[PDB]
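Given next, in structure tokens, is a single chain: the form deposited in one PDB entry.
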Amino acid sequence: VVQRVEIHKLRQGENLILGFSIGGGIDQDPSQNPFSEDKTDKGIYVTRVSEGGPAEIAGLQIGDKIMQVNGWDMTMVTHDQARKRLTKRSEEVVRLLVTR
């Protein structure tokens, strides 16, 4: 039901990949997010995960519902507010709190 995942970002030049992408956010339309449970579900989900990526390694799964990011509340946020929480340049370890 509720799992805490800690991902260790992979260095590749000036980049640090997470091996997964997200979808959702209050600025998005729940019907385009193949994971939302309904039309009100404006949450952030894990729509994709790379194999061997540092996400999968950590335990990240497809559809996973991110309620947290390094402790930050991602329940009522925009897609871009979330992607920004994850892709911080000055952070190599990101922790997520998800349900499944």
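Here the rigid core means the biggest group of C-alpha atoms that line up within 1.5 Å when the two forms are laid on top of each other. For every residue, the number given is its place in the sequence shown, counted from 1.
Not pictured, yet referred to below: the form deposited with a partner chain bound.
Among heavy atoms of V77, none comes within 4.5 Å of the partner chain in the entry with it bound. When the partner chain is considered in the entry with it bound, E37 lies well away from it, no heavy atom lying within 4.5 Å. In the entry with it bound, the partner chain sits within 4.5 Å of a heavy atom belonging to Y45. At a distance threshold of 4.5 angstroms between non-hydrogen atoms, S21 is in contact with the partner chain in the entry with it bound. Each of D27, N33 and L86 places at least one heavy atom within 4.5 Å of the partner chain in the entry with it bound. Relative to the superposed core, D38 undergoes a Cα shift of 2 Å or more between the shown form and the other one.
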